[PDB]
């Protein structure tokens, strides 16, 4: 990840307005609805049978909050994404066996969710800067896989 100074600032301003309690459950829940094979990893979370079932699922929303917490961290450590996600990386590879392609899908769902929330404030250059952040996180999460 390399953002221009314009981009670092824009990323920062937008992140400050994000609703921590909701956007993360929204991203995770849209991941489960749009890419269904991802439900495999959350089979014990209760009813995931319909879009409303997944989205309002309390355990989905709860877990989405932690996932957004980790993004927040990476945003605070853009110059050391790798050291920041090392342990998460081991957990996702060694214990959960998630294919890293899904980290890219999740990052792209997160982008759609920021666009959904921020409308016209989510401009093409701000989207571009978030695209660099998300790919940088997917990358760091994939490091302990090989």
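Numbering follows the first chain given and starts at 1. We call the rigid core whatever largest set of C-alpha positions still superposes within 1.5 Å between the two forms.
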**Complete:** Note: with structures superposed on the core, the stretch whose C-alphas sit farther off in 5 other deposited structures of this protein, 15-23 or 129-137, is 15-23
**Request:** Decide which of the stretches 41-49 and 73-81 has the higher mean C-alpha B-factor, going by the entry.
**Result:** 73-81
**Request:** Going by the average Cα B-factor in the PDB entry, point out whether 58-66 or 86-94 comes out higher.
**Result:** 86-94
**Request:** For the C-alpha B-factor as written in the entry, point me to the maximum among 24, 124, 136, 16.
**Result:** 16
**Request:** Would you mind ranking residue 129 by its C-alpha B-factor against the rest of the chain and naming the third, lowest, middle or highest?
**Result:** middle
**Request:** Grab the CA temperature factor for residue 36 from the record and place it in the lowest, middle or highest third of its chain.
**Result:** middle
